[PDB]
Structures are given as C-alpha cells and as structure tokens.
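Peer 1: generate a structure from the sequence data that follows.
(one chain, ligands or ions: 1)
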Amino acid sequence: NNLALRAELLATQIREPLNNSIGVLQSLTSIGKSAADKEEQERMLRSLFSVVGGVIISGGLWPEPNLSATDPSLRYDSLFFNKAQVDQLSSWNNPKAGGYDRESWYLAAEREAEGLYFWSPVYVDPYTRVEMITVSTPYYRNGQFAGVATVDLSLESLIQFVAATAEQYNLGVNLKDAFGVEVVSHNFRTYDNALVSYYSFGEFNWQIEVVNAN
Ligand SMILES: [Cl-]
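Peer 2: Numbers count the residues shown, from 1 in each chain. Structure as follows:
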C-alpha cells in the first residue's frame, strides 16, 4: 500500500508551487527595496516574469499610494505584469477605478513584518480575467513600509499539476485553502473504510487529504 509514503511524495510536489511563489516574491521585494528608478524596475520586473515558470502567471509591485496628489495620474503607481509574451497593465492606476490599497491581498500585507507571507482567497483577477490565488508580502525602504509585492498562481495550472501528479502516484487528493475552499479535488472519495492520509502545510495554509486510487 505505502499510502503514507505516497502521500508524502505528493505533498512534496504540492510544495513546489509554494516554494516557487516565495522565491519570486523574494526577488520582487529585492527590486522594491532597491534604489532603481521606476523605469529600471519595470525592466527588471518584465524580465523576472519572463523567466519565472510553473503556475506563476502574473504579479508585481504595489507602492503605498500618495492619495493626496493633486494630479490623479500620480496617486497610484503599481507595476503589474501578466504572462499572456509579458504585458504590463496600468489598469489599477486610474484613480477613478478605486485604486489597489483596499484589496484584501494588499491589506493583508500592509505594514506587516517583512518576511511574512499572506494568502488571498481564490478570485478572478478583474483585469486579466485569470482565476488565481495570490501570495503577498510587504517590503520596506529606510525602515518605513513602502509597498506590497504579489505573485499570482494560476488556478487552472495548479489544478492540472496537482491532479496529474496525484494520478501518476495512484492517489486521489483534496486540496483546500486557508478559507476552506476546495482548490483541487481529483479522484477523491471514501467508501469501504478506506484510510485517508491528512497533511497540513500550516494552520492557516493548504490542507490535503489523500486516498489510494483503485
Ligand atoms: Cl478540481
């Protein structure tokens, strides 16, 4: 059977997009903390999202807005990139549209300790229309909170990866997020007193239930 062993093998693969997202956020916060000007940062972020792979589909930097600015075009200054060929989108920066500093993935990281990461709920990005989960983290400059960095995980890509990996290991799996939402369910069911192997990535992190596939 080796159910526990195969469930660990699967968990290790499910961890790869997690570690991937953290690593890309570390690069983003390096760019945000740096002295590079806006144009240099745009170039480095375009390059970064060009080289990242896996389930990562979009993300960028969200500087603390200057909402007091008289000129509406100066208040928001996000640097957001979408892997369609990488496109920069400016859509979050028109003040008429509300800005970005009240989004849940921004507020979760706002003024939190550097080095902490935060999960968004599943959502469809209003401008790219990609269904996704976002990991965010704050970055600081001169000891003062400066902005939020984000990486977006494509839900479609994550599902494909988890399900394909589970199938290869002859497993069924349910993966739930920190909000109780079923991110992936592949060939998972219980009957005839089948054992379920449970693995938690953390108290408010992903949870998996694993069964043997027949
Ligand atoms: Cl699913």
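Peer 1: for the top helix by length along the chain, the distance to its chain's centre please.
Peer 2: The single longest helix within the chain, with elements called by DSSP state H, is helix 3-33. Distance, stretch centre to chain centre, for helix 3-33: 10 Å (Cα atoms, centre = their mean, to the nearest Å).
Peer 1: who are the packing partners of it?
Peer 2: helix 38-51, strand 56-63, strand 131-141, strand 144-154, helix 155-168, strand 171-176, strand 197-200, strand 207-212 (3 or more Cβ pairs under 8 Å, 6 or more residues apart in numbering; DSSP states H and E). In short, each C-beta sits where N, CA and C put it, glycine included.
Peer 1: extract the CA atoms of the fourth one and return them as PDB.
Peer 2: Coordinates of the C-alpha atoms in strand 144-154 are reproduced here as PDB (Å, rounded to 0.1, in the frame of the first residue of the first chain):
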ATOM      1  CA  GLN A 144       9.400  52.500   6.600                       C
ATOM      2  CA  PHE A 145       6.800  50.400   4.900                       C
ATOM      3  CA  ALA A 146       7.000  51.100   1.200                       C
ATOM      4  CA  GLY A 147       4.600  48.700  -0.600                       C
ATOM      5  CA  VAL A 148       3.300  45.200  -1.200                       C
ATOM      6  CA  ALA A 149       4.700  42.600  -3.600                       C
ATOM      7  CA  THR A 150       2.500  39.900  -5.100                       C
ATOM      8  CA  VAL A 151       2.700  36.700  -7.100                       C
ATOM      9  CA  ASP A 152      -0.400  35.200  -8.700                       C
ATOM     10  CA  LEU A 153      -0.800  31.400  -9.000                       C
ATOM     11  CA  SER A 154      -3.000  30.300 -11.900                       C
END
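Peer 1: quick check: angle from it to strand 56-63?
Peer 2: Taking axes from the mean of the first three to the mean of the last three Cα atoms, to 10 degrees, one finds strand 144-154 and strand 56-63 inclined to each other by 160 degrees.
Peer 1: going forward, the N-terminal residue is numbered 282.
Peer 2: Right, with 282 as the first residue, what we last looked at is strand 425-435.
Peer 1: chain center to strand 425-435: distance?
Peer 2: Taking the mean of its C-alpha atoms, strand 425-435 sits 9 Å from the chain's own mean (Cα atoms, centre = their mean).
Peer 1: could you do the second one as well?
Peer 2: Averaging C-alpha positions (Cα atoms, centre = their mean) puts strand 337-344 9 Å from its chain's average.
Peer 1: any idea what residue 453 is bridged to?
Peer 2: Counting by DSSP bridges, residue 453 is bridged to residue 492.
Peer 1: mind listing what it touches?
Peer 2: Applying Cβ atoms under 8 Å, 6 or more residues apart in numbering, we find residue 453 in contact with 447, 467, 468, 469, 470, 491, 492, 493, 494.
Peer 1: ditto for residue 308
Peer 2: By Cβ under 8 Å, 6+ apart, the contact set of residue 308 is residue 329.
Peer 1: one more: residue 380?
Peer 2: 346, 348, 356, 357, 373, 374.
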